[PDB]
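Take a look at the structure below.
In what follows, residues are counted from 1 in the order of the sequence shown.
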Amino acid sequence: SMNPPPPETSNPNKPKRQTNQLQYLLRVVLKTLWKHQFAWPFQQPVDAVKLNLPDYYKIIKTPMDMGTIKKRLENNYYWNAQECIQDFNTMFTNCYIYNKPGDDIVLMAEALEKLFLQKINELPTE
Ligand SMILES: Cc1nnn(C2CCNCC2)c1-c1cccc(Oc2cc(Br)ccc2Br)n1
Ligand SMILES: [Cl-]
Ligand SMILES: [Cl-]
């Protein structure tokens, strides 16, 4: 197919945790970023058929998006907060890798990344 399968959101053998930091990543970080005016391109996997981008998955080999992250958090997919943070990082970096400095989508990712970093500086630590 032209679209690869989307990243998994379940994996029965993988060991899982529920932690306060992961709960905060869902309730506060993800759900706030989700409502930002620039969130919509990032709310679902890139559909290369819909978007007419036969090169997207030629370039991006570790796709990630906030819809996948949301489902992973809801399904308790992660072991720890850093694992989820890594998925956000992959999503932003993919956008920079596929696009160009100054593109509208890159301006959006830059703004979202700054907001993300601001929110993860407030991760509960106690
Ligand atoms: C993520 C992501 N990373 N790159 N892209 C496009 C950006 C445009 N070029 C091809 C790659 C997306 C993406 C995902 C869903 C919808 C969507 O829609 C657009 C958004 C803008 Br802002 C501008 C134009 C479009 Br179409 N873009
Ligand atoms: Cl647990
Ligand atoms: Cl199309």
Side-chain angles (χ1 to χ4, degrees), residues 1-17 19-126:
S1 54
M2 273 323 260
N3 284 327
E8 67 182 21
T9 59
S10 63
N11 182 319
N13 268 316
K14 188 179 189 291
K16 319 298 202 306
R17 294 197 308 181
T19 71
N20 289 347
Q21 291 181 327
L22 282 162
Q23 297 192 312
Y24 171 91
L25 278 165
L26 178 58
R27 176 186 68 86
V28 178
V29 183
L30 179 293
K31 286 182 175 178
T32 308
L33 280 178
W34 190 271
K35 301 173 179 295
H36 193 278
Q37 55 196 269
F38 294 163
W40 61 268
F42 304 97
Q43 287 172 340
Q44 60 287 307
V46 171
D47 188 322
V49 174
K50 187 174 179 62
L51 288 161
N52 318 120
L53 303 175
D55 48 326
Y56 187 82
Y57 293 111
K58 304 287 200 182
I59 296 286
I60 297 304
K61 305 309 186 181
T62 311
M64 186 55 51
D65 66 279
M66 285 205 300
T68 297
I69 294 168
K70 177 168 175 295
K71 268 182 73 222
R72 284 181 175 195
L73 288 162
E74 287 165 352
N75 289 348
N76 308 308
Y77 176 86
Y78 296 112
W79 182 261
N80 67 20
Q82 185 54 42
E83 194 185 341
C84 175
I85 289 164
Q86 181 57 61
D87 281 348
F88 280 97
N89 291 344
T90 294
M91 171 181 85
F92 295 127
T93 61
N94 286 347
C95 186
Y96 308 143
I97 291 171
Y98 180 73
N99 296 290
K100 301 173 69 175
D103 283 346
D104 284 334
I105 192 70
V106 167
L107 299 178
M108 286 197 185
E110 289 165 356
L112 289 172
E113 189 187 340
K114 283 191 280 190
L115 171 52
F116 174 71
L117 286 169
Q118 180 170 308
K119 298 300 214 319
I120 70 169
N121 202 45
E122 322 284 91
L123 195 58
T125 50
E126 309 306 286

Which residue pairs pass the side chain to side chain donor-acceptor pair (under 3.5 Å) test with at least one member in residues 42-57, sequence neighbours excluded?
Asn3-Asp47, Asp55-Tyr98
Residues 102-126 vs ring pair (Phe, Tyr, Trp, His ring centres under 6.0 Å), sequence neighbours excluded, gives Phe88-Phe116, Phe92-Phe116
By the side chain to side chain donor-acceptor pair (under 3.5 Å) test, which pairs, at least two apart or in different chains, include something from residues 103-126?
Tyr96-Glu113
Show your working on side chain to side chain contact (heavy atoms under 4.5 Å, CB included) between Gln21 and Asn80 and close with a plain yes or no.
CA-CA 8 Å; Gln21 291 181 327; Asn80 67 20; over 6 Å; no
Salt bridge (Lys or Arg N to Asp or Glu O under 4.0 Å) between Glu83 and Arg17: does it pass, once the steps are laid out?
CA-CA 11 Å; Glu83 194 185 341; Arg17 294 197 308 181; over 6 Å; no
Specify the closest pair of heavy atoms between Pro7 and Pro63, including all atoms of both residues, with the distance to one decimal.
CG-O, 3.5 Å
CD1 on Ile59 to CG on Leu53, rounded to 0.5 Å
11.5 Å
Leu22 and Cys84, any side-chain heavy atoms less than 4.5 Å apart:
yes
Using modelled atom types only, decide if a donor and an acceptor are shared between the side chain of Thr68 and the backbone of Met64 within a distance under 3.5 Å.
no
With sequence neighbours excluded, give me every side chain to side chain donor-acceptor pair (under 3.5 Å) pair touching residues 28-38.
none
Would a hydrophobic clustering, with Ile, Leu, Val, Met, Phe, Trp and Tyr connected at side-chain separations under 4.5 Å, put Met108 with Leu117?
yes
Any chance you could measure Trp79, atom CH2, to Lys16, atom NZ, to the nearest 0.5 Å?
10.5 Å
Is there a continuous path of hydrophobic side-chain contacts, each under 4.5 Å between heavy atoms, that joins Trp40 to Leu115?
yes
Say you draw a straight line from CG of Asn75 to CG of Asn11; how long is it, rounded to the nearest 0.5 Å?
11.5 Å
Just so I know, are the side chains of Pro101 and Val106 near enough to count as touching, which here means a heavy-atom distance under 4.5 Å?
no
Nearest-0.5 Å distance, SG of residue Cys95 to CG of residue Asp65:
12.0 Å
Apply side chain to side chain donor-acceptor pair (under 3.5 Å) to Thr9 and list each qualifying residue two or more places apart in sequence or on a separate chain.
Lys71
Within the distance-only criterion (no hydrogens, no angle test), does the side chain of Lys70 pair as donor or acceptor with the backbone N or O of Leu30 below 3.5 angstrom?
no
Which pair of non-hydrogen atoms, one from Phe38 and one from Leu112, has the smallest distance, and what is that distance?
O-CD1, 3.5 Å
For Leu25 and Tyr78, what are the C-alpha separation, side-chain angles and deciding distance, and is it a side chain to side chain contact (heavy atoms under 4.5 Å, CB included)?
CA-CA 11 Å; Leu25 278 165; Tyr78 296 112; over 6 Å; no
Report the C-alpha separation of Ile85 and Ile120 in whole Å, then their side-chain angles, then the decisive distance to 0.1 Å, and conclude whether the side chain to side chain contact (heavy atoms under 4.5 Å, CB included) test is met.
CA-CA 9 Å; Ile85 289 164; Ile120 70 169; 4.1 Å; yes
Under a single-linkage definition using a 4.5 Å side-chain heavy-atom cutoff for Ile, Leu, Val, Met, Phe, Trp and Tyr, are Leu73 and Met66 assigned to the same hydrophobic cluster?
yes
When rounded to the nearest 0.5 angstrom, what is the spacing between CD1 in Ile105 and NZ in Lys100?
15.0 Å
Could you list the residues that satisfy side chain to side chain donor-acceptor pair (under 3.5 Å) with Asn94, not counting sequence neighbours?
none
